[PDB]
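Engineer: Got a structure for you, written out below as structure tokens; questions coming shortly.
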Amino acid sequence: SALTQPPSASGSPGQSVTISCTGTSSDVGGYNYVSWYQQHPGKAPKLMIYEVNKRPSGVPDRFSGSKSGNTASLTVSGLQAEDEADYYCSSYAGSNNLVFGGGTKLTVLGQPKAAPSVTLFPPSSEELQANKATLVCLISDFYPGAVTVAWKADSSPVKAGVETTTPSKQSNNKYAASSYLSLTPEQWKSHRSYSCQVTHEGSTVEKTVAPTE
Amino acid sequence: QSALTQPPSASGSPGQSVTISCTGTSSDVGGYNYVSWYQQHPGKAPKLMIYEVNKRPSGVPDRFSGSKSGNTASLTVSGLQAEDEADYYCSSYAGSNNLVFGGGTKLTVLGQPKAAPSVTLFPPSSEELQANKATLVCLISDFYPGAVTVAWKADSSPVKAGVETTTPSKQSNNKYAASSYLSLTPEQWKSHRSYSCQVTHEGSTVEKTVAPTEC
Amino acid sequence: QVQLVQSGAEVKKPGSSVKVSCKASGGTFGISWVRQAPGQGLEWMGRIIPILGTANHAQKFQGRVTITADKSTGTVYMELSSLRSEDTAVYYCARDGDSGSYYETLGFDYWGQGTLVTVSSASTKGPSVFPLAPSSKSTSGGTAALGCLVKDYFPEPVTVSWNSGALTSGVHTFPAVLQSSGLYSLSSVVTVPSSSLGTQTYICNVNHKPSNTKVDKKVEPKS
Amino acid sequence: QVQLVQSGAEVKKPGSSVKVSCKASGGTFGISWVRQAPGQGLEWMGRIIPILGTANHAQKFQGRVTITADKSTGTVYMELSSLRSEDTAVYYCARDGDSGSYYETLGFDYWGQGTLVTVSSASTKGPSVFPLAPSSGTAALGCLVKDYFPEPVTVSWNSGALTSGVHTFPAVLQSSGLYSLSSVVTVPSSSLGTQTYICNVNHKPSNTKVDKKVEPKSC
Amino acid sequence: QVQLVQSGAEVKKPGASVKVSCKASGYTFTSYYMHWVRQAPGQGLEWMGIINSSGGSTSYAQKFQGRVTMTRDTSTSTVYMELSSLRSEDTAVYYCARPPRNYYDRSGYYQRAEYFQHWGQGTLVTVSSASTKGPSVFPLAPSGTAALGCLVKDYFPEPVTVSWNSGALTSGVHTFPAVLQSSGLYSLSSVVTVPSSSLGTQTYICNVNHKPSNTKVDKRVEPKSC
Amino acid sequence: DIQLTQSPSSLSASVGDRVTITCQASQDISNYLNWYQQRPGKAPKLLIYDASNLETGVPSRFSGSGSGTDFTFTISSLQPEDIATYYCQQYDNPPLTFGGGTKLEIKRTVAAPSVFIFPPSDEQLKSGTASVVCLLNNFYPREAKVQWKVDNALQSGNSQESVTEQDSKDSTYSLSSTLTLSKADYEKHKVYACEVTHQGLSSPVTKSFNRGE
């Protein structure tokens, strides 16, 4: 709203990506106060370009701003994996009005698939003593951020009591997700073993867990 | 999908028979007859025990018998011995250019003679003391079960700093072994009457003492 | 030494008023506020130049935003009144120019950390902390994994540290999960050498500020 | 005489490429590779039939695994690129069928010894070897290999001429991120003065070779 | 009213670890230090450490340093204490205790006031190989004032709680200390003297509660009519 | 570590007597001493804090004084409910330490025991073991001899005795002698007698019963 920034630009390493930010004459076209911010998920925005073409102290030369008519454009020249972030544009819309863009999720293409690293934790004695149980399945360091979780009771699927998070980008540019299976102590102690299966890009990773008596 | 579920812990008793399961889907284990069972002792390479739904290779005892039912393969170990205490993995055909292994089953043989820990304590070497360092070494071997607690005493009093104790690992002779190193300075070493390593196991305790040598 | 430190993790019932502070360190000409709804984009709120006395509001926040500053303390406050569910967002400070150069670039150089203001009717709950113990499955690689499960808490956020912050190597605090119940849950794992499993004690510290809940939990292997 | 000899004890920085060799001795139809992370389970990597020219990869290793073979040398190579901390594991060869019988049983008859590939940023640190002397009928002598990285280190006695009663304890990962181990040998006390006892420590990642004589301490 | 309720008595094999709970009620929990005190059977009191209920700062005694860990949960207003590597000497009763708040002197000197006003009920930790076993309750029937009783035989470990008429009878109740039989199991008797006139008028129920075995047995003592 | 020595370790006084206990410290603590009164089975109860201050709810008959290394705890008139073990505690310097304890008992007039016998229950006989109980209620002093006679034959090594703590009201004792036999051995004989000899008894008191009546 208020600006048109294409949500999903993508690029490849070494190549150049041009992200657009389209306004009107009264906001982007008329005046030369345009800014480009880069924001990694979970972190605060960082200034990359201000006043259309000005790189602040500490920004690599790869990021180059420009403007044409009613469209500002940020060009990333030396694309690296680290550049995978959300890019917002801001502009002067008049005295006492500053307008931001919708954001562009820049995806760098080249990257090698990473298999998901899975760790399965059984319920704690403290939790079992409270007439509850929860299996924890933690998935880290995979790419792309698309996994599917399945729970098996000895062999058979369990579709009830599962809560799986949406994959989110880590600091190391890979993705992480968690999945919790809430169960009763009866169900826990009445089965041979439970298993968390994570499917990623056709491959699968299984982790099993059994009670200790 | 197309993974394998092998129940982590199977245990048995000598003379008895244990059945280890390996559950797949129709696309891997249910559909085709390419299943393998490998036995691996901790620290050693895997050895083939079964190479098809049911086929013992040359050199595998007749005790190990493979089978299959629907989507579940099963390895049956007859006349259980102490040697059979190992990790058992199952592998299956998941498609052209796809081979899937299982989680592994740690088979525990039940006839268990509890054994006292054999402890050996080594003082620092002259060369190490001449390098402004010191390390006490406490080596524990041939105990069962694999659960020991190590304590370090300075003349009488516990020392909790500079201790590095390994996790117990299974030996070849089915017993367990662990090591514990106490890093000290030559000052601390030569400023005490004697150091001691205490190993507590199943209520019992074994103490070894060591003192500096001068003339 | 030009950092902006933002206080607060406040939770407010709809219709109430929230006040967020920014402490400026080093030289700072003017400080602006920018809000970001969870999952959504950035939107501008207002700007203040304490050395000049002017303040700005976006048109949508007319009558709701009050931006003040106290020079004695060197801090800048922003108050939003008549809160609704639409306001639940993260609020950032922003530097607009150094202590000199009365110019405004409209590019915000240094940003504070997040200040999450959750506006909800629903009552806060507070977490239940459980220890996730290691096994030979996780330990035999020379490196074992310990963890803490923070279950059934509301609202965000919760802070999980290890050994009162004295353990940072190999700490991975997973993102929260929004359950069907509308409550959050997360896990925090740490990779530690197996050798230290018997020598060193590993405590996880969970802090939920909305409920003033502080929980220590000892993670030990299950015998 | 159908043994598979696996070379290498290599250490590689993240992102680099490792190449592991398997020498086939006797008849071997096809050789497969299987990796096992420390403490974790087995996972399949790929298979090659040098007499046919085909090779396989698991889907997870697409673009990362290259399995080649040179028939002149009779060896088979497997190259893994873009290494990460997840790859740190032991890599085994496996025989898939005898030199005849073009069938594949998918059971791996004969396995090579371990090839440990440690992937880490941290610089290699090479050991410090000290003699552990016996004090007061069967005595224990030893060698302490302290503060080395990474695994593995090979400890032999009298250039391999002493194997009876040798127990090389597993390594310990210290708080410092360095390894340490001890190797003990049980010997009759009567031989304490007649025979010399040398321990040979070899750390290949650092090209460090240390001999050490273990004798009882004097005045 | 201030109240400190501790967790049930436990039995643990030598070398294991015990965790004792202490739940505070009837005062703002996060405003006072919590101390732990251990007392071996027949021995005296021995100090263990202090924990700060607010921040979690902890100070253990040198004797227990490295083996004791004190934990705190503000939401539930509870304090945990864990002792690891148990030996035969650790068989003891564990109390939590709250002192008043530390005050500042007129000069500004931090003056600690470490006297224990409120205590828990105590948690017995029996350090023992022996398997837990549930008790058997048997009636001791009577033939001016007559005496009846209940025999709690073959239980492990200590202790058992014996009440009469759900606590409605305390006058003249004698619950004997437990006796360690040759079989390694405990046995106890609880007697009460009542007027013969009430032998037909009032019913006499004894309530035995063995928490380590989750055994609760009520038993009505009725005279055997020959 | 500040050591505290308590004098005496045990004591016996009559009702209304004035009692004095001493606590000596290895070092100087001005008044950082407290006195606790731990009753049998119960937890410690704080009576005196800061070595001279009476805790809210404590009778006026209790007092404490002392400084430096020497402290005293005084009871004006010893009341029957005062029987307990008294401990001293310091908090001048970590770690906190307690005295050895002072087991205080009452000197009372000689009282004779009420002797009761209980045959084994019909329920217990189902299980193979039989327990015959002898009760000695409300006597003083603590000494008492209990003999089991089965068909006038002395039984030995088969009985166990349990003695209560001094009663907080009448300062008496009670004793339980349990004789455990096998059902076979129990049915072998007819007359089961408990013979009590006590100081307050002119002649030995025998309470017997015939099996099956």
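Sequence order for the protein chains is A, B, C, D, E and F. Note that the numbering used here numbers the first sequence so that position 5 is 28, with each residue one more than the last. Note that the numbering used here numbers the second sequence so that position 119 is 124, with each residue one more than the last. Note that the numbering used here numbers the third sequence so that position 135 is 172, with each residue one more than the last. Note that the numbering used here numbers the fourth sequence so that position 67 is 541, with each residue one more than the last. Note that the numbering used here numbers the fifth sequence so that position 101 is 671, with each residue one more than the last. Note that the numbering used here numbers the sixth sequence so that position 14 is 20, with each residue one more than the last. For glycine and all other residues, C-beta sits at the position ideal for the given N, C-alpha and C.
Could you pull out every residue in the same chain whose Cβ sits closer than 6 angstroms to the Cβ of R148/F, ignoring the five residues on either side in sequence?
Structural biologist: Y179
Engineer: Thinking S760/E and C720/E are a contact (beta carbons under 8 angstroms), I'd like their distance in whole angstroms, please.
Structural biologist: Contact flag correct, Cβ pair sits at about 5 angstroms.
Engineer: So does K589/E have its beta carbon nearer than 7 angstroms to some heavy atom of the ligand ADP?
Structural biologist: For the ligand ADP, the structure offers nothing, since it holds no ligand at all.
Engineer: Tell me the start and end of each unbroken beta strand (DSSP E) in the segment 724-784 of chain E that is at least 3 residues and wholly inside, in chain order.
Structural biologist: 731-734, 743-745, 756-765 and 775-780
Engineer: Look at the Cβ atom of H197/B, then the Cβ atom of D160/B, and state whether they are nearer than 8 angstroms.
Structural biologist: yes
Engineer: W617/E touches chain F at which residues, Cβ-Cβ below 8 angstroms?
Structural biologist: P101, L102, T103 and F104
Engineer: Evaluate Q117/B with the Cβ neighbour count: other Cβ atoms within 10 Å of its Cβ, from every protein chain shown; 16 or more gives buried, anything less gives exposed.
Structural biologist: Of the residues assessed, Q117/B falls on the exposed side of the cut-off, its CB having fewer than 16 other CB atoms within 10 angstroms.
Engineer: What three-state label does DSSP hand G52/A in the structure shown?
Structural biologist: The answer is helix: DSSP assigns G52/A an H, G or I state.
Engineer: Would you call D89/B buried or exposed, if buried means 16 or more other Cβ atoms sit within 10 Å of its Cβ?
Structural biologist: buried
Engineer: Which residues in the same chain have their Cβ closer than 6 angstroms to the Cβ of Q161/F, if we skip the five residues on either side of it in sequence?
Structural biologist: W154
Engineer: What residues are listed by DSSP as bridge partners for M651/E?
Structural biologist: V590/E and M640/E
Engineer: Out of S218/C, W70/C, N244/C and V229/C, which has the shortest C-alpha to C-alpha gap to residue 3/C?
Structural biologist: Missing from the structure shown is residue 3/C; chain C here goes from 38 to 260 and no further.
Engineer: Which residues does DSSP list as the beta-bridge partners of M618/E?
Structural biologist: Partner(s): none; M618/E has no beta bridge.
Engineer: Can you name the residues that DSSP bridges to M115/C?
Structural biologist: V57/C and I104/C
Engineer: What is the DSSP secondary structure of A199/F, counted as helix, strand or coil?
Structural biologist: Three-state result, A199/F: strand.
Engineer: Between the alpha carbons of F104/F and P14/F, how many angstroms are there, rounded?
Structural biologist: If I take the Cα positions, the gap works out to 15 angstroms.
Engineer: By the DSSP assignment, the alpha helix (DSSP H) with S175/C in it spans what residues?
Structural biologist: Note, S175/C: alpha helix (DSSP H), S173 to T176.
Engineer: For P208/A, report the span of its alpha helix (DSSP H) as first-last.
Structural biologist: First-last of the alpha helix (DSSP H) with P208/A: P208 to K212.
Engineer: What residue ranges within the segment 663-688 of chain E form continuous beta strand (DSSP E) runs of no fewer than 3 residues, ordered along the chain?
Structural biologist: none
Engineer: What are the uninterrupted segments assigned as beta strand (DSSP E) that are 3 or more residues long and contained completely in the segment 637-674 of chain D, given in chain order?
Structural biologist: 640-642 and 653-662
Engineer: For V649/E and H688/E, I'd like the C-alpha separation in whole angstroms.
Structural biologist: 14 angstroms
Engineer: Below 7 angstroms between beta carbons is the criterion; list the residues of the segment 559-580 of chain D that meet it against any residue of chain C, in chain order.
Structural biologist: none
Engineer: Residues in the segment 115-129 of chain A with C-beta within 8 angstroms of chain C's C-beta atoms, listed in sequence order?
Structural biologist: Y115, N119, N120, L121, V122, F123, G124, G125 and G126
Engineer: As a quick exercise: from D146/C, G178/C, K254/C and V102/C, pick the residue whose alpha carbon is nearest that of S53/C.
Structural biologist: Comparing Cα positions, the closest option is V102/C.
Engineer: Give me the Cα-Cα distance between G515/D and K582/E, rounded to the nearest whole angstrom.
Structural biologist: 34 angstroms
Engineer: Mind checking which residues open and close the beta strand (DSSP E) that includes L158/A?
Structural biologist: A156 to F165
Engineer: Quick check: what's the CA-CA separation for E792/E versus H195/F?
Structural biologist: 26 angstroms
Engineer: Mind checking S137/F: buried by the 16 CB within 10 Å criterion, or exposed?
Structural biologist: buried
Engineer: Against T236/C, what residues of chain B qualify as contacts under a CB-to-CB distance less than 8 angstroms, listed in chain order?
Structural biologist: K165, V168, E169 and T170
Engineer: At which residues does the beta strand (DSSP E) containing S71/F begin and terminate?
Structural biologist: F68 to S73
Engineer: Identify the contact partners of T250/C in chain E, using a Cβ-Cβ distance below 7 angstroms as the criterion.
Structural biologist: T644 and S645
Engineer: Taking 8 angstroms as the limit between beta carbons, can you name the residues of its chain near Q751/E, skipping five residues before and five after?
Structural biologist: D724 and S757
Engineer: In chain order, what residues of the same chain have a beta carbon less than 7 angstroms from the beta carbon of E212/B, not counting five sequence neighbours either side?
Structural biologist: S201 and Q203
Engineer: With a cut-off of 8 angstroms on the beta carbons, I'd call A511/D and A563/D a contact; round off their distance for me.
Structural biologist: 4 angstroms
Engineer: Just to make sure I have the definition right: I need the residues of chain B whose C-beta is within less than 9 angstroms of the C-beta of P727/E. Which are they?
Structural biologist: Chain B residues near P727/E: none, gap ~16 angstroms exceeds 9 angstroms.
Engineer: When you compare the CB positions of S43/A and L102/A, do they come within less than 8 angstroms of one another, or not?
Structural biologist: no
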